[PDB]
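This document starts with one chain, in the form solved without the ligand, laid out as structure tokens.
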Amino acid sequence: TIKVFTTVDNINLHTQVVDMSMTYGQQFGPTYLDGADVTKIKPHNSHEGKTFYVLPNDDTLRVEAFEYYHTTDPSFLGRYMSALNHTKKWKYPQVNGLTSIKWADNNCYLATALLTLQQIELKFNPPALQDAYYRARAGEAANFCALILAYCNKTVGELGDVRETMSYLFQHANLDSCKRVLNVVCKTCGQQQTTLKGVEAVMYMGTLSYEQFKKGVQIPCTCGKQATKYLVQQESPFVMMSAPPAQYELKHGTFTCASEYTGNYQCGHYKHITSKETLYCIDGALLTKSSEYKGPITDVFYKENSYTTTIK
């Protein structure tokens, strides 16, 4: 017999002794080692003192699994470990002092989201996400990318939308303090003030210009006469302005970062534009810079702390 360690979070470790004739799967359930499923594999001599991830099979492991991942989904572990086997192969080069991803397995939307999270203020609720968030910024983002895929129910290779991925992640972050107050003015119906919080307070779909949202955007009213909706108050460390891909001019110093989408719907390739001393363009591992930018943009991120309008 040899002794090993089983865990769900790797924070809490549980010591176990295993028999060499019985495979790891029948004694522990579904068992993984550094990405590789060892359910069918029998214990080898090198697997002494090794740390194994196991699907929770008692109440102690179930509670520890929730405390770290904030989910009770039994499929989460498998999907996470399956993505990790690919993300560990990916290359994460440092570009403009930011951690990117060499393009692989259609990850252009993942790198764009990873680059954006390093530039906006965010605190993740699941300790698993926050701990990988920290090490991702340090340059080792394999665990973080695998977790993003699992939490988004996306698999390797699958095409991804950056706005949808950011939304999923925002629901796992503490955006409770974020508030957005809007006013829709209609000549028939009048003035109606609505208050959004959380994900809805930091995301808008319709326009890329944060200024235009402050000025007002035409949206249909219940009566049918198009009404003006404008931003009244905003309390959030950032805002995300999204709109269907269209030609847009990005000016240096007026934004934080943006998403460039090029090609057909659901099969295009994403590029990341950041504002810095000059406009930088990050396409995976490649970097180009220019003073101005005009191209197909679908998401623009802006900085914010507090904002109160002047319209009466």
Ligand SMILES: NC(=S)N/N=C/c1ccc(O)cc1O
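Position 1 is the first residue in the sequence shown; the rest follow in order.
We do not show the form solved in complex with the ligand, though everything after this point is about it.
Engineer: Considering only heavy atoms, tell me if residue 77 and the ligand come within 4.5 Å of each other in the bound PDB entry.
Structural biologist: Close contact exists here: in the bound PDB entry, residue 77 approaches the ligand to within 4.5 Å, heavy atoms only.
Engineer: Within a 4.5 Å heavy atom cut-off, is residue 35 in contact with the ligand in the bound PDB entry?
Structural biologist: Looking in the bound PDB entry, residue contacts with the ligand do not include residue 35, since no heavy atom lies within 4.5 Å.
Engineer: Using 4.5 Å between non-hydrogen atoms, is residue 65 touching the ligand in the bound PDB entry?
Structural biologist: Result yes; residue 65 sits at the interface with the ligand in the bound PDB entry.
Engineer: So, residue 73 and the ligand: in the bound PDB entry, are they within 4.5 Å at any heavy atom pair?
Structural biologist: Within the cut-off, so yes.
Engineer: Using a 4.5 Å cut-off on any heavy atom, which residues of 45-60 would contact the ligand in the bound PDB entry?
Structural biologist: Only 56 sits within 4.5 Å of the partner.
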